[PDB]
């Protein structure tokens, strides 16, 4: 209870409405109702701060703010600097995923608490193959969603490793791929889509 800090990445496609609520608020509220969650650090341009501070008084979590950075890992680092000195888990979430279920968030929190690092994923429905640099097929795969859940010590150690050795963070060379510490994949729901198109937004409403 009150052990988890959420870093909510909200820095424009995550403020466009879905039944008249900006997409970013769906997951915001889902996290605010979970007794495990102590605080939510929203990482957004100071413009849209009010979109969230409006509800500060009704929600049952502390709210905090951080400024976005250049790339997604900068924004996480920025959020991390504002979490509570004693939180046991950091829960990083892309606000463009509105439909994450409370039950799936409980699952990945539990797994992150057990393993140290966990991510919600689903089996990749497409036929996916590795291709080499000559465009030839190189003779089980999962799609990663968010939350991505990590103990704060591990995250901080991960940022230090990258800075200390000027490592390259690609989308698929994560910070955690550099650590030897294991990352668990918690099985989520195919309904936890990311919103980036109007046809995504039709799906969103079809699902709600």
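Take the two forms, superpose them, and find the largest set of C-alpha atoms that agree within 1.5 Å; that set is the rigid core. Numbering follows the first chain given and starts at 1.
When the other structures are laid on the shown form by the core, the C-alphas of 183-191 and 196-204 differ in how far they drift in 4 other deposited structures of this protein; the larger average drift belongs to 196-204. Take 156-164 and 172-180, fit the other structures onto the shown form by the rigid core, and average the C-alpha distances in 4 other deposited structures of this protein: the farther stretch is 172-180. Unmodelled residues of the deposited sequence between residue 139 and residue 140: 4 to 9. The entry models residue 11 and residue 12 with a gap of 10 or more deposited residues left without coordinates. For the two regions 177-185 and 155-163, the entry's Cα B-factors average higher over 155-163. Per the PDB record, of the two stretches 113-121 and 130-138, 130-138 carries the greater mean B-factor over its C-alpha atoms. As recorded in the PDB entry, 169 shows the highest C-alpha B-factor of the residues 150, 169, 144, 41. Looking at the C-alpha B-factors along this chain, the one for residue 193 belongs to the middle third. Residue 31: CA B factor lies in the lowest third for its chain, per the PDB record. When the CA B factors of the chain's modelled residues are split into thirds, the value for residue 84 lands in the middle one. Among all modelled residues in this chain, the alpha-carbon of residue 106 has a temperature factor (C-alpha) in the lowest third. For residue 37, the recorded CA temperature factor ranks within the lowest third of the chain's modelled residues.
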